[PDB]
Structures are given as structure tokens and as C-alpha cells.
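**Student:** CSV, N, CA and C atoms, saved as start14.csv, coming up:
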```csv
chain,number,residue,atom,x,y,z
A,305,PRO,N,125.9,117.1,103.7
A,305,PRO,CA,124.5,116.4,103.5
A,305,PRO,C,124.5,115.0,104.0
A,306,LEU,N,123.4,114.6,104.6
A,306,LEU,CA,123.3,113.2,105.1
A,306,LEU,C,122.5,112.4,104.1
A,307,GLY,N,123.2,111.3,103.7
A,307,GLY,CA,122.6,110.4,102.7
A,307,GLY,C,123.7,109.6,101.9
A,308,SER,N,124.4,108.8,102.6
A,308,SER,CA,125.5,108.0,102.0
A,308,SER,C,125.2,106.5,102.2
A,309,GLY,N,124.4,105.9,101.4
A,309,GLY,CA,124.0,104.5,101.6
A,309,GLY,C,122.6,104.2,101.9
A,310,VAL,N,121.7,104.7,100.9
A,310,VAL,CA,120.3,104.5,101.1
A,310,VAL,C,119.8,103.3,100.3
A,311,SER,N,119.1,102.4,100.9
A,311,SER,CA,118.5,101.3,100.2
A,311,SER,C,117.2,101.6,99.5
A,312,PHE,N,117.3,101.5,98.2
A,312,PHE,CA,116.1,101.8,97.3
A,312,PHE,C,115.6,100.5,96.7
A,313,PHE,N,114.3,100.3,96.8
A,313,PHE,CA,113.6,99.2,96.3
A,313,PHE,C,112.6,99.6,95.2
A,314,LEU,N,112.5,98.8,94.1
A,314,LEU,CA,111.5,99.0,93.1
A,314,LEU,C,110.2,98.3,93.4
A,315,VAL,N,109.2,99.1,93.7
A,315,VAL,CA,107.9,98.5,94.0
A,315,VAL,C,106.8,99.1,93.2
A,316,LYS,N,105.6,98.5,93.1
A,316,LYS,CA,104.5,99.0,92.3
A,316,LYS,C,103.3,99.3,93.3
A,317,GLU,N,102.8,100.5,93.1
A,317,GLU,CA,101.7,101.0,93.9
A,317,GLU,C,100.4,101.1,93.1
A,318,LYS,N,99.3,100.6,93.7
A,318,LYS,CA,98.0,100.6,93.0
A,318,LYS,C,97.4,101.9,93.2
A,319,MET,N,96.7,102.4,92.1
A,319,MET,CA,96.0,103.7,92.1
A,319,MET,C,94.6,103.6,92.6
A,320,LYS,N,94.0,104.7,93.0
A,320,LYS,CA,92.7,104.7,93.5
A,320,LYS,C,91.7,104.9,92.3
A,321,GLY,N,90.7,104.0,92.2
A,321,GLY,CA,89.8,104.1,91.1
A,321,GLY,C,90.1,103.1,90.0
A,322,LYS,N,91.3,103.2,89.5
A,322,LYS,CA,91.8,102.4,88.4
A,322,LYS,C,92.6,101.2,89.0
A,323,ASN,N,92.1,100.0,88.7
A,323,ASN,CA,92.8,98.7,89.1
A,323,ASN,C,94.0,98.5,88.4
A,324,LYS,N,95.1,99.2,88.6
A,324,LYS,CA,96.4,99.1,88.0
A,324,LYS,C,97.5,99.4,88.9
A,325,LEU,N,98.7,99.0,88.5
A,325,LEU,CA,99.9,99.2,89.3
A,325,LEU,C,101.0,100.1,88.6
A,326,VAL,N,101.5,101.0,89.3
A,326,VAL,CA,102.5,101.9,88.8
A,326,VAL,C,103.9,101.8,89.5
A,327,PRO,N,105.0,101.8,88.8
A,327,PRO,CA,106.3,101.7,89.4
A,327,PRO,C,106.7,102.9,90.2
A,328,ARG,N,107.1,102.7,91.4
A,328,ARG,CA,107.5,103.8,92.3
A,328,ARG,C,108.8,103.4,93.1
A,329,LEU,N,109.6,104.5,93.4
A,329,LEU,CA,110.8,104.3,94.2
A,329,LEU,C,110.6,104.5,95.7
A,330,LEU,N,111.1,103.6,96.5
A,330,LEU,CA,110.9,103.7,97.9
A,330,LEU,C,112.3,103.6,98.6
A,331,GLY,N,112.6,104.7,99.4
A,331,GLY,CA,113.9,104.8,100.1
A,331,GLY,C,113.7,104.3,101.5
A,332,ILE,N,114.5,103.3,101.9
A,332,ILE,CA,114.5,102.7,103.2
A,332,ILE,C,115.9,103.0,103.9
A,333,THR,N,115.8,103.7,105.0
A,333,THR,CA,117.0,104.0,105.8
A,333,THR,C,117.0,103.3,107.2
A,334,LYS,N,118.0,103.5,108.0
A,334,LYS,CA,118.1,103.0,109.3
A,334,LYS,C,117.3,103.8,110.3
A,335,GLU,N,116.7,104.9,109.9
A,335,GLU,CA,115.9,105.8,110.8
A,335,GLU,C,114.4,105.8,110.4
A,336,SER,N,114.1,106.0,109.2
A,336,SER,CA,112.7,106.1,108.7
A,336,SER,C,112.6,105.7,107.2
A,337,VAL,N,111.4,105.3,106.9
A,337,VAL,CA,111.1,104.9,105.5
A,337,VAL,C,110.3,106.1,104.7
A,338,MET,N,110.9,106.5,103.6
A,338,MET,CA,110.3,107.5,102.8
A,338,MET,C,109.9,107.0,101.4
A,339,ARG,N,108.8,107.6,100.9
A,339,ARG,CA,108.4,107.3,99.5
A,339,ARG,C,108.7,108.4,98.5
A,340,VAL,N,109.5,108.0,97.5
A,340,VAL,CA,109.9,109.0,96.5
A,340,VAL,C,109.1,108.8,95.2
A,341,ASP,N,108.7,109.9,94.6
A,341,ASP,CA,108.0,109.9,93.3
A,341,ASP,C,108.9,109.6,92.2
A,342,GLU,N,108.6,108.6,91.4
A,342,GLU,CA,109.5,108.2,90.2
A,342,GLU,C,109.5,109.3,89.2
A,343,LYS,N,108.4,110.0,89.0
A,343,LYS,CA,108.4,111.1,88.0
A,343,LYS,C,109.0,112.4,88.4
A,344,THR,N,108.7,112.9,89.6
A,344,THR,CA,109.2,114.1,90.1
A,344,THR,C,110.5,113.9,90.9
A,345,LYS,N,110.7,112.7,91.4
A,345,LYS,CA,111.9,112.4,92.2
A,345,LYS,C,112.0,113.2,93.5
A,346,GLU,N,110.8,113.2,94.2
A,346,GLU,CA,110.7,113.9,95.4
A,346,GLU,C,109.9,113.1,96.5
A,347,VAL,N,110.3,113.3,97.7
A,347,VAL,CA,109.7,112.5,98.8
A,347,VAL,C,108.2,113.0,99.1
A,348,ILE,N,107.3,112.1,99.0
A,348,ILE,CA,105.9,112.5,99.2
A,348,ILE,C,105.5,112.3,100.6
A,349,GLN,N,105.6,111.1,101.1
A,349,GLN,CA,105.3,110.8,102.5
A,349,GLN,C,106.3,109.8,103.1
A,350,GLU,N,106.6,109.9,104.4
A,350,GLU,CA,107.5,109.0,105.1
A,350,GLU,C,107.0,108.7,106.5
A,351,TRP,N,107.5,107.5,107.0
A,351,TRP,CA,107.1,107.0,108.3
A,351,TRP,C,108.4,106.6,109.1
A,352,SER,N,108.3,106.7,110.4
A,352,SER,CA,109.4,106.4,111.3
A,352,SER,C,109.5,104.9,111.5
A,353,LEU,N,110.8,104.4,111.7
A,353,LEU,CA,111.0,103.0,111.9
A,353,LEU,C,110.4,102.5,113.2
A,354,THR,N,110.5,103.4,114.2
A,354,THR,CA,110.0,103.0,115.6
A,354,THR,C,108.5,103.1,115.7
A,355,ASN,N,107.8,103.8,114.6
A,355,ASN,CA,106.4,103.9,114.6
A,355,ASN,C,105.7,102.6,114.1
A,356,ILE,N,106.5,101.8,113.3
A,356,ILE,CA,105.9,100.6,112.8
A,356,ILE,C,105.6,99.6,113.9
A,357,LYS,N,104.3,99.1,113.9
A,357,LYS,CA,103.9,98.2,114.9
A,357,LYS,C,104.2,96.7,114.4
A,358,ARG,N,103.8,96.4,113.2
A,358,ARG,CA,104.0,95.1,112.6
A,358,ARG,C,104.1,95.1,111.1
A,359,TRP,N,104.6,94.1,110.5
A,359,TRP,CA,104.7,94.1,109.0
A,359,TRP,C,104.6,92.6,108.5
A,360,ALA,N,104.0,92.5,107.3
A,360,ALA,CA,103.8,91.2,106.7
A,360,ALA,C,104.4,91.2,105.3
A,361,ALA,N,105.3,90.2,105.1
A,361,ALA,CA,106.0,90.1,103.8
A,361,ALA,C,105.5,88.9,103.0
A,362,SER,N,104.9,89.2,101.8
A,362,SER,CA,104.5,88.1,100.9
A,362,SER,C,105.4,88.0,99.7
A,363,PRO,N,105.4,86.8,99.0
A,363,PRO,CA,106.3,86.6,97.9
A,363,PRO,C,106.2,87.7,96.8
A,364,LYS,N,105.0,88.2,96.6
A,364,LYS,CA,104.9,89.2,95.5
A,364,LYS,C,104.3,90.6,96.1
A,365,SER,N,103.8,90.6,97.3
A,365,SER,CA,103.3,91.8,97.9
A,365,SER,C,103.7,92.0,99.4
A,366,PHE,N,104.1,93.3,99.7
A,366,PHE,CA,104.5,93.6,101.1
A,366,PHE,C,103.4,94.4,101.8
A,367,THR,N,103.2,94.1,103.1
A,367,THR,CA,102.2,94.7,103.9
A,367,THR,C,102.8,95.4,105.1
A,368,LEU,N,102.3,96.6,105.4
A,368,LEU,CA,102.8,97.4,106.5
A,368,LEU,C,101.7,97.8,107.5
A,369,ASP,N,102.0,97.8,108.8
A,369,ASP,CA,101.0,98.1,109.8
A,369,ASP,C,101.5,99.1,110.8
A,370,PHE,N,100.9,100.3,110.8
A,370,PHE,CA,101.3,101.4,111.7
A,370,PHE,C,100.4,101.5,112.9
A,371,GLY,N,101.0,101.8,114.1
A,371,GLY,CA,100.2,101.9,115.3
A,371,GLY,C,99.2,103.1,115.3
A,372,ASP,N,99.6,104.2,115.9
A,372,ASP,CA,98.8,105.4,115.9
A,372,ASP,C,99.4,106.4,115.0
A,373,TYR,N,99.4,106.1,113.7
A,373,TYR,CA,99.9,107.1,112.7
A,373,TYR,C,99.1,107.0,111.4
A,374,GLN,N,99.0,105.9,110.8
A,374,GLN,CA,98.2,105.7,109.5
A,374,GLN,C,96.8,105.1,109.8
A,375,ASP,N,95.8,105.7,109.3
A,375,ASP,CA,94.4,105.2,109.5
A,375,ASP,C,94.2,103.8,108.9
A,376,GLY,N,94.6,103.7,107.6
A,376,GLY,CA,94.5,102.4,107.0
A,376,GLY,C,95.8,101.6,107.0
A,377,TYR,N,96.1,100.8,106.0
A,377,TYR,CA,97.3,100.0,105.9
A,377,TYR,C,98.0,100.2,104.6
A,378,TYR,N,99.3,100.3,104.6
A,378,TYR,CA,100.0,100.4,103.3
A,378,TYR,C,100.4,99.0,102.7
A,379,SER,N,99.8,98.7,101.6
A,379,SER,CA,100.0,97.5,100.9
A,379,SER,C,100.3,97.7,99.4
A,380,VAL,N,101.5,97.2,98.9
A,380,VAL,CA,101.8,97.4,97.5
A,380,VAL,C,102.6,96.2,97.0
A,381,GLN,N,102.8,96.1,95.7
A,381,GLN,CA,103.5,94.9,95.1
A,381,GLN,C,105.0,95.2,95.2
A,382,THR,N,105.7,94.3,95.9
A,382,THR,CA,107.2,94.4,96.1
A,382,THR,C,107.9,93.3,95.3
A,383,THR,N,109.0,93.6,94.7
A,383,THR,CA,109.8,92.5,94.0
A,383,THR,C,110.8,91.8,95.0
A,384,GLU,N,111.1,92.5,96.1
A,384,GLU,CA,112.0,91.9,97.1
A,384,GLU,C,111.4,92.1,98.5
A,385,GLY,N,110.5,91.1,98.9
A,385,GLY,CA,109.9,91.2,100.2
A,385,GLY,C,110.8,90.7,101.3
A,386,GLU,N,111.6,89.7,101.0
A,386,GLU,CA,112.5,89.2,102.0
A,386,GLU,C,113.7,90.2,102.3
A,387,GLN,N,114.2,90.8,101.3
A,387,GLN,CA,115.3,91.8,101.4
A,387,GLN,C,114.8,93.0,102.2
A,388,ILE,N,113.6,93.5,102.0
A,388,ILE,CA,113.0,94.6,102.7
A,388,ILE,C,112.8,94.3,104.1
A,389,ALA,N,112.1,93.1,104.4
A,389,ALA,CA,111.8,92.7,105.7
A,389,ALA,C,113.0,92.5,106.6
A,390,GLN,N,114.1,91.9,106.0
A,390,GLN,CA,115.3,91.7,106.7
A,390,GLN,C,116.0,93.0,107.1
A,391,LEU,N,116.0,93.9,106.2
A,391,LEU,CA,116.6,95.3,106.4
A,391,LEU,C,115.9,96.0,107.5
A,392,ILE,N,114.6,96.0,107.6
A,392,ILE,CA,113.8,96.7,108.6
A,392,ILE,C,114.1,96.1,110.0
A,393,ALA,N,114.1,94.7,110.1
A,393,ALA,CA,114.4,94.0,111.3
A,393,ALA,C,115.8,94.4,111.9
A,394,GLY,N,116.8,94.4,111.0
A,394,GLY,CA,118.2,94.8,111.4
A,394,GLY,C,118.3,96.1,112.0
A,395,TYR,N,117.6,97.1,111.4
A,395,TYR,CA,117.6,98.5,111.9
A,395,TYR,C,117.1,98.6,113.3
A,396,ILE,N,116.0,97.9,113.6
A,396,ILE,CA,115.3,97.9,114.9
A,396,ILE,C,116.3,97.3,116.0
A,397,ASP,N,117.0,96.2,115.6
A,397,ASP,CA,117.9,95.6,116.6
A,397,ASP,C,119.0,96.5,117.0
A,398,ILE,N,119.6,97.2,116.0
A,398,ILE,CA,120.7,98.1,116.3
A,398,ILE,C,120.3,99.2,117.2
A,399,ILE,N,119.1,99.8,117.1
A,399,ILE,CA,118.6,100.9,117.9
A,399,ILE,C,118.4,100.3,119.4
A,400,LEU,N,117.8,99.2,119.5
A,400,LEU,CA,117.5,98.6,120.8
A,400,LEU,C,118.8,98.3,121.6
A,401,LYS,N,119.9,97.8,120.9
A,401,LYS,CA,121.2,97.5,121.5
A,401,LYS,C,121.8,98.8,122.0
A,402,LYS,N,121.7,99.9,121.2
A,402,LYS,CA,122.3,101.2,121.5
A,402,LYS,C,121.5,101.9,122.6
A,403,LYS,N,120.2,102.0,122.4
A,403,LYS,CA,119.3,102.6,123.4
A,403,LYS,C,118.4,101.6,124.0
A,404,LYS,N,118.8,100.9,125.0
A,404,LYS,CA,118.0,99.9,125.7
A,404,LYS,C,117.3,100.5,127.0
A,405,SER,N,116.1,100.1,127.2
A,405,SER,CA,115.3,100.6,128.3
A,405,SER,C,114.9,99.5,129.3
B,716,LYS,N,90.9,99.3,69.4
B,716,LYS,CA,90.9,99.4,70.9
B,716,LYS,C,91.7,98.3,71.6
B,717,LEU,N,92.2,98.6,72.8
B,717,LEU,CA,93.0,97.6,73.5
B,717,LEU,C,92.1,97.0,74.6
B,718,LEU,N,92.1,95.7,74.7
B,718,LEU,CA,91.3,94.9,75.7
B,718,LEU,C,92.2,94.0,76.6
B,719,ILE,N,92.2,94.3,77.9
B,719,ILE,CA,93.0,93.5,78.8
B,719,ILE,C,92.3,92.1,78.9
B,720,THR,N,93.1,91.1,78.7
B,720,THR,CA,92.7,89.7,78.8
B,720,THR,C,93.7,88.8,79.5
B,721,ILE,N,93.4,88.4,80.7
B,721,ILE,CA,94.2,87.5,81.5
B,721,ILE,C,95.6,88.2,81.7
B,722,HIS,N,95.6,89.3,82.5
B,722,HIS,CA,96.8,90.0,82.8
B,722,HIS,C,96.6,90.9,84.0
B,723,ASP,N,95.8,91.9,83.8
B,723,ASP,CA,95.5,92.9,84.8
B,723,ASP,C,94.7,92.2,86.0
B,724,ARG,N,93.7,91.4,85.6
B,724,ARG,CA,92.9,90.7,86.6
B,724,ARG,C,93.7,89.7,87.4
B,725,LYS,N,94.7,89.0,86.7
B,725,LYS,CA,95.5,88.1,87.4
B,725,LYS,C,96.6,88.8,88.3
B,726,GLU,N,97.2,89.8,87.8
B,726,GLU,CA,98.2,90.6,88.5
B,726,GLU,C,97.6,91.2,89.8
B,727,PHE,N,96.5,91.9,89.6
B,727,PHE,CA,95.8,92.5,90.8
B,727,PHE,C,95.3,91.5,91.8
B,728,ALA,N,94.6,90.5,91.3
B,728,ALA,CA,94.1,89.4,92.1
B,728,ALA,C,95.2,88.8,93.0
B,729,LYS,N,96.2,88.2,92.4
B,729,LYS,CA,97.3,87.6,93.2
B,729,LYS,C,97.9,88.6,94.2
B,730,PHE,N,98.0,89.9,93.8
B,730,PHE,CA,98.5,90.9,94.6
B,730,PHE,C,97.7,91.0,95.9
B,731,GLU,N,96.4,91.2,95.8
B,731,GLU,CA,95.5,91.2,96.9
B,731,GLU,C,95.4,89.9,97.6
B,732,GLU,N,95.1,88.9,96.9
B,732,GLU,CA,95.0,87.5,97.4
B,732,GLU,C,96.2,87.2,98.4
B,733,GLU,N,97.4,87.6,98.0
B,733,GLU,CA,98.6,87.4,98.8
B,733,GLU,C,98.6,88.2,100.1
B,734,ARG,N,98.0,89.4,100.1
B,734,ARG,CA,98.0,90.2,101.3
B,734,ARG,C,97.3,89.5,102.4
B,735,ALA,N,96.2,88.9,102.2
B,735,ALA,CA,95.5,88.1,103.3
B,735,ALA,C,96.3,86.9,103.7
B,736,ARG,N,97.1,86.3,102.8
B,736,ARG,CA,97.9,85.1,103.1
B,736,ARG,C,99.3,85.5,103.4
B,737,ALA,N,99.5,86.6,104.1
B,737,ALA,CA,100.9,87.0,104.5
B,737,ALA,C,101.1,86.9,106.0
B,738,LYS,N,102.2,86.5,106.5
B,738,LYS,CA,102.5,86.3,107.9
B,738,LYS,C,102.9,87.7,108.5
B,739,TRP,N,102.3,88.0,109.6
B,739,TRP,CA,102.6,89.3,110.3
B,739,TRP,C,103.8,89.1,111.2
B,740,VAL,N,104.6,90.2,111.4
B,740,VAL,CA,105.8,90.2,112.2
B,740,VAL,C,105.8,91.4,113.1
B,741,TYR,N,105.8,91.2,114.4
B,741,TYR,CA,105.9,92.3,115.4
B,741,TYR,C,107.3,92.6,115.8
B,742,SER,N,107.5,93.9,116.3
B,742,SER,CA,108.8,94.4,116.7
B,742,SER,C,109.0,94.3,118.2
B,743,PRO,N,110.2,94.1,118.6
B,743,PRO,CA,110.5,94.0,120.1
B,743,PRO,C,110.3,95.3,120.8
B,744,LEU,N,110.3,96.4,120.1
B,744,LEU,CA,110.0,97.7,120.7
B,744,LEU,C,108.7,97.8,121.4
B,745,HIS,N,107.7,97.1,120.8
B,745,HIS,CA,106.3,97.1,121.3
B,745,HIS,C,106.2,96.1,122.4
B,746,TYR,N,106.7,94.8,122.1
B,746,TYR,CA,106.6,93.8,123.1
B,746,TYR,C,107.9,93.7,123.9
B,747,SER,N,107.9,94.2,125.2
B,747,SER,CA,109.0,94.3,126.1
B,747,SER,C,108.8,93.3,127.2
B,748,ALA,N,108.3,92.1,126.9
B,748,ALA,CA,108.0,91.1,128.0
B,748,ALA,C,108.8,89.8,127.7
B,749,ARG,N,109.1,89.0,128.7
B,749,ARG,CA,109.8,87.8,128.6
B,749,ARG,C,108.8,86.6,128.4
```
Take the structure in the file and write it out as C-alpha cells.
**Tutor:**
Amino acid sequence: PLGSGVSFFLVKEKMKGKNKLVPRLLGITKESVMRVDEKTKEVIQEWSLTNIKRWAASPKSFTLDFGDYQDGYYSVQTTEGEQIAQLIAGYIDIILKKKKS
Amino acid sequence: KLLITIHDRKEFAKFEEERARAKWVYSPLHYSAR
């Protein structure tokens, strides 16, 4: 099985209709980012690292921007915005160095 | 009954408020120019 060293971050996702935040687990790897349900412990939706166009990291909230994949934008309350942002940047650099065009 | 007072409004507001005040970062994969 593939999965020895997955970076998991505790973030809060806002619900639709009710203005509240719920704790959710997000798995970030060197290939793609997947969202795991805290209750069922299963991957709901995931996006590729190379598909990410841009990202904004705030002190209390992280923002993601996908090119031609997500209609809207993924924005949730993150406890470690700097840690997540740095991790994503590093993964992109490794791929570029290995597969350069 | 339970009434939210200075907690949910502050938490959600700051959350949102910060989104607009966040710096964007592009990846080299898209920008391949010198």
C-alpha cells in the first residue's frame, strides 16, 4: 500500500446555509490534495497539485484557486497557513526539477 | 435556550474578512517566462 508519510492538517470548513465551522481532516501529499471526512474517515474530494493555479495564505484562513477544475474557490479556516503553503511550494519545486520542460 | 453573543459573528467575520486580505501566490508551472 502507498501511504507512508502523509501530512494531515486540522482545518475548519464552513457549512452551506448555517454560518458555522466544523472540524475536518485534510490530507496533503506530494502528488495531490485530498479531503477526508472526520466522521466517516473517508476521502470525499481531491485535487491535483499541478492543477492548482494560485493560492493565498492568511493568518487564520487559507484560500485556494484552481484553473480549469473548480467552478468556485475553496476557502476554509486553517490553523497552520504557513506550514501548508510551504509544503505545497516544495512539492511543486521537486516535480519541476525532476520533470523539466 | 442558547443565544450566540460575540463568538460566531466574530469567528465567521474574521474568517471571511481575512480571505479578501490574503496575498495570492502563483506556481512556476503556469508561468514559464523569464
**Student:** Within 8 Å of chain B, which residues of chain A come that close, and what is the closest atom pair and distance in Å for each? Count all atoms listed in the file and give it as a Markdown table.
**Tutor:**
```
| residue | atom | partner | partner_atom | distance |
| --- | --- | --- | --- | --- |
| A:323 | C | B:727 | CA | 6.7 |
| A:324 | CA | B:723 | CA | 7.0 |
| A:325 | N | B:727 | CA | 7.5 |
| A:354 | CA | B:744 | CA | 7.4 |
| A:356 | C | B:742 | N | 6.5 |
| A:357 | C | B:742 | N | 4.7 |
| A:358 | CA | B:740 | C | 4.1 |
| A:359 | C | B:740 | N | 3.8 |
| A:360 | CA | B:738 | C | 4.0 |
| A:361 | N | B:738 | C | 4.9 |
| A:362 | CA | B:737 | CA | 5.2 |
| A:363 | N | B:733 | CA | 6.8 |
| A:364 | C | B:730 | CA | 6.0 |
| A:365 | CA | B:730 | CA | 5.9 |
| A:366 | C | B:734 | CA | 6.9 |
| A:367 | CA | B:734 | CA | 6.7 |
| A:379 | CA | B:734 | CA | 7.6 |
| A:380 | C | B:730 | CA | 7.1 |
| A:381 | CA | B:730 | CA | 6.4 |
| A:393 | CA | B:742 | CA | 7.8 |
| A:396 | C | B:744 | N | 7.3 |
| A:397 | N | B:743 | N | 7.7 |
| A:400 | CA | B:744 | CA | 7.6 |
```
**Student:** In Å, with one decimal, what is the gap from atom C of residue A:334 to atom N of residue A:310?
**Tutor:**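 Computed distance, atom C of residue A:334 to atom N of residue A:310, equals 10.4 Å.
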**Student:** Among the residues of stretch 308-404 of chain A, find those DSSP assigns to strand (DSSP E) from the backbone and print them as a VMD selection string.
**Tutor:** chain A and resid 311 to 318 325 to 332 336 to 340 347 to 352 356 to 361 365 to 370 378 to 382
**Student:** Can you measure atom CA of residue A:341 to atom CA of residue A:398 for me? One decimal in Å is fine.
**Tutor:** 28.8 Å
**Student:** Quick one: distance from atom CA of residue A:352 to atom CA of residue A:316 in Å, one decimal?
**Tutor:** 21.0 Å
**Student:** Set the distance at 12 Å and use only C-alpha atoms: which residues neighbour stretch 328-332 of chain A once local chain neighbours fewer than 5 positions away are removed? I'd like the list as a CSV table (one decimal) with N, CA and C atoms, keeping the file's coordinate frame.
**Tutor:**
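Listing of selection_6.csv after writing:
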```csv
chain,number,residue,atom,x,y,z
A,307,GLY,N,123.2,111.3,103.7
A,307,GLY,CA,122.6,110.4,102.7
A,307,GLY,C,123.7,109.6,101.9
A,309,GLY,N,124.4,105.9,101.4
A,309,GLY,CA,124.0,104.5,101.6
A,309,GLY,C,122.6,104.2,101.9
A,310,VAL,N,121.7,104.7,100.9
A,310,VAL,CA,120.3,104.5,101.1
A,310,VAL,C,119.8,103.3,100.3
A,311,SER,N,119.1,102.4,100.9
A,311,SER,CA,118.5,101.3,100.2
A,311,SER,C,117.2,101.6,99.5
A,312,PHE,N,117.3,101.5,98.2
A,312,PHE,CA,116.1,101.8,97.3
A,312,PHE,C,115.6,100.5,96.7
A,313,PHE,N,114.3,100.3,96.8
A,313,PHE,CA,113.6,99.2,96.3
A,313,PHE,C,112.6,99.6,95.2
A,314,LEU,N,112.5,98.8,94.1
A,314,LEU,CA,111.5,99.0,93.1
A,314,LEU,C,110.2,98.3,93.4
A,315,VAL,N,109.2,99.1,93.7
A,315,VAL,CA,107.9,98.5,94.0
A,315,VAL,C,106.8,99.1,93.2
A,316,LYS,N,105.6,98.5,93.1
A,316,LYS,CA,104.5,99.0,92.3
A,316,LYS,C,103.3,99.3,93.3
A,317,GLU,N,102.8,100.5,93.1
A,317,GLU,CA,101.7,101.0,93.9
A,317,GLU,C,100.4,101.1,93.1
A,318,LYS,N,99.3,100.6,93.7
A,318,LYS,CA,98.0,100.6,93.0
A,318,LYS,C,97.4,101.9,93.2
A,319,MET,N,96.7,102.4,92.1
A,319,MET,CA,96.0,103.7,92.1
A,319,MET,C,94.6,103.6,92.6
A,337,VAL,N,111.4,105.3,106.9
A,337,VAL,CA,111.1,104.9,105.5
A,337,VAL,C,110.3,106.1,104.7
A,338,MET,N,110.9,106.5,103.6
A,338,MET,CA,110.3,107.5,102.8
A,338,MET,C,109.9,107.0,101.4
A,339,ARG,N,108.8,107.6,100.9
A,339,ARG,CA,108.4,107.3,99.5
A,339,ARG,C,108.7,108.4,98.5
A,340,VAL,N,109.5,108.0,97.5
A,340,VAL,CA,109.9,109.0,96.5
A,340,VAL,C,109.1,108.8,95.2
A,341,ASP,N,108.7,109.9,94.6
A,341,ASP,CA,108.0,109.9,93.3
A,341,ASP,C,108.9,109.6,92.2
A,342,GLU,N,108.6,108.6,91.4
A,342,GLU,CA,109.5,108.2,90.2
A,342,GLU,C,109.5,109.3,89.2
A,343,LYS,N,108.4,110.0,89.0
A,343,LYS,CA,108.4,111.1,88.0
A,343,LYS,C,109.0,112.4,88.4
A,344,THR,N,108.7,112.9,89.6
A,344,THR,CA,109.2,114.1,90.1
A,344,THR,C,110.5,113.9,90.9
A,345,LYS,N,110.7,112.7,91.4
A,345,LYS,CA,111.9,112.4,92.2
A,345,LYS,C,112.0,113.2,93.5
A,346,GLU,N,110.8,113.2,94.2
A,346,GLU,CA,110.7,113.9,95.4
A,346,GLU,C,109.9,113.1,96.5
A,347,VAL,N,110.3,113.3,97.7
A,347,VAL,CA,109.7,112.5,98.8
A,347,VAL,C,108.2,113.0,99.1
A,348,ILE,N,107.3,112.1,99.0
A,348,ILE,CA,105.9,112.5,99.2
A,348,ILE,C,105.5,112.3,100.6
A,349,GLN,N,105.6,111.1,101.1
A,349,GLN,CA,105.3,110.8,102.5
A,349,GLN,C,106.3,109.8,103.1
A,350,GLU,N,106.6,109.9,104.4
A,350,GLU,CA,107.5,109.0,105.1
A,350,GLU,C,107.0,108.7,106.5
A,351,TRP,N,107.5,107.5,107.0
A,351,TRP,CA,107.1,107.0,108.3
A,351,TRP,C,108.4,106.6,109.1
A,352,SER,N,108.3,106.7,110.4
A,352,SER,CA,109.4,106.4,111.3
A,352,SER,C,109.5,104.9,111.5
A,353,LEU,N,110.8,104.4,111.7
A,353,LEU,CA,111.0,103.0,111.9
A,353,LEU,C,110.4,102.5,113.2
A,380,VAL,N,101.5,97.2,98.9
A,380,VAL,CA,101.8,97.4,97.5
A,380,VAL,C,102.6,96.2,97.0
A,381,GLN,N,102.8,96.1,95.7
A,381,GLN,CA,103.5,94.9,95.1
A,381,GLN,C,105.0,95.2,95.2
A,382,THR,N,105.7,94.3,95.9
A,382,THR,CA,107.2,94.4,96.1
A,382,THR,C,107.9,93.3,95.3
A,383,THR,N,109.0,93.6,94.7
A,383,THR,CA,109.8,92.5,94.0
A,383,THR,C,110.8,91.8,95.0
A,384,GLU,N,111.1,92.5,96.1
A,384,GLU,CA,112.0,91.9,97.1
A,384,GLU,C,111.4,92.1,98.5
A,387,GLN,N,114.2,90.8,101.3
A,387,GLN,CA,115.3,91.8,101.4
A,387,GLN,C,114.8,93.0,102.2
A,388,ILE,N,113.6,93.5,102.0
A,388,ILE,CA,113.0,94.6,102.7
A,388,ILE,C,112.8,94.3,104.1
A,389,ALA,N,112.1,93.1,104.4
A,389,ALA,CA,111.8,92.7,105.7
A,389,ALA,C,113.0,92.5,106.6
A,390,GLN,N,114.1,91.9,106.0
A,390,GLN,CA,115.3,91.7,106.7
A,390,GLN,C,116.0,93.0,107.1
A,391,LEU,N,116.0,93.9,106.2
A,391,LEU,CA,116.6,95.3,106.4
A,391,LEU,C,115.9,96.0,107.5
A,392,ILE,N,114.6,96.0,107.6
A,392,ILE,CA,113.8,96.7,108.6
A,392,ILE,C,114.1,96.1,110.0
A,393,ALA,N,114.1,94.7,110.1
A,393,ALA,CA,114.4,94.0,111.3
A,393,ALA,C,115.8,94.4,111.9
A,394,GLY,N,116.8,94.4,111.0
A,394,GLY,CA,118.2,94.8,111.4
A,394,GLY,C,118.3,96.1,112.0
A,395,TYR,N,117.6,97.1,111.4
A,395,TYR,CA,117.6,98.5,111.9
A,395,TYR,C,117.1,98.6,113.3
```
